[PDB]
């Protein structure tokens, strides 16, 4: 497939009540291409006043007796399935927009990101008419049952590293349960989300069920967090903004909260593993999506006996990583999202040598035709150094040493984060022991970054509150109501 050539950006306005509207203040804000630096377009900037309109529209579409409430649960799924069909029809345009806006290689935006979006809508389309309550054999002459009702108006805030994918991961389970949504994409990458607005309207979704409001964090996002008319907020982003999100809920209307926060997730290679396979997977586990992942390997604990040739094979392939333009079919890695992320990544690369790390290859040195950075491999890293404790979100791979299994479990777990973790080995005892000992939400064995629409995903500890994906992602978007009926006499 090919990136669609002269791609007009047709949708740049605010999406409220299935209508395109200008910002209340009149302001707009620029969207940028990270592969050059040229401004792509300008998008209407939502602020608090725009959020108040989106919430009023979402509340009306959720009122009792509305089109969205009375709709058969199975027809909720048919709409989600039809959204997947429209995305598949415009898969090239959407993937082109994702390479243009986020700087991802087009061929993996087409075959990875867009596939996960299509599969997510298809997967949750089947769940809509399969969300069950229960009947309970209760004491006394009573008949007790539960209903899994939708919570209501849901505010959703998503980052920039997977704009279209995170958009699907948020609205698909929310709409599957019958909620209405006010979602605010990252200010850096709002375009694919806004294009989804036209697909949502084309699919047949009732007005006000999904409202897309592009804007900045402290303005439009903080308006969502403290809004008294939003029943539930789903936030995916940094830990510190997550603490603000949690505080805003308790301060305002005690809205229900889930936070996906990521962390410094370990990657454990053992001597038993196939080195050719472990090198490539731990490479993709940290370098994929220009390293801007929280599942990112970052730390790579390698056993004593294989540490040397592991680094040898890492830098070997890390030097063939074809950096270049996203629209080029040869490009493996595109540029970072913006300058500030392109900057504070290089502070930490300079911090690596400033604390004593054998910088093998890497260090940054690409023609500034964009926001590109040279693939970097550090070694002789220790738990003390700053590059081991804070996340990088860049093509920086840090390799460490370990001897005992018991020492690598403590070293991997000694972290207030804990989103994911990986183990590479063929011993079944050590694979089961390490996986069961990890304080992380997802543990991969002999693989990395293997996400699926069917499997729940979330973080332990401070990285954080809640679960997404799979069936368990639906519990986040449902409210349990118990009904107890007095009956003349109970039997059975």
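Residue numbers count along the first chain shown, from 1. Rigid core: the largest C-alpha set superposing within 1.5 Å between the two forms.
Greater average departure of CA atoms from the shown form, over structures and residues in 6 other deposited structures of this protein after a core fit, characterises 365-373 among 327-335 and 365-373.
Of the two stretches examined, 24-32 and 442-450, the one with higher mean CA deviation in 6 other deposited structures of this protein after a rigid core fit is 442-450.
Modelled in this chain, residue 58 is likewise resolved in all the other entries of the protein that span it on both sides, not missing from even a third of them.
Compared with other PDB entries of the same protein, residue 9 is present in all of those that resolve the residues around it, none of them, let alone a third, dropping it. For the pair 284-292 and 240-248, the mean Cα B-factor is higher in 284-292. For the pair 477-485 and 5-13, the mean B factor over Cα atoms is greater in 5-13. In this entry, the residue among 51, 450, 423, 60 with the greatest C-alpha B factor is 450.
Of the candidates 148, 299, 201, 78, it is 299 whose Cα B-factor is highest according to the PDB record.
Sort the chain's modelled residues by C-alpha temperature factor and residue 64 lands in the lowest third, per the entry.
Remark: residue 179 belongs to the lowest third of its chain, ranked by C-alpha B-factor as recorded. In the deposited entry, the Cα temperature factor of residue 317 sits in the top third of values across the chain's modelled residues.
Per the deposited record, the Cα B-factor of residue 233 falls in the lowest third when ranked against the other modelled residues of its chain. Ranked within its chain, residue 432 lands in the middle third, by CA B factor from the PDB record.
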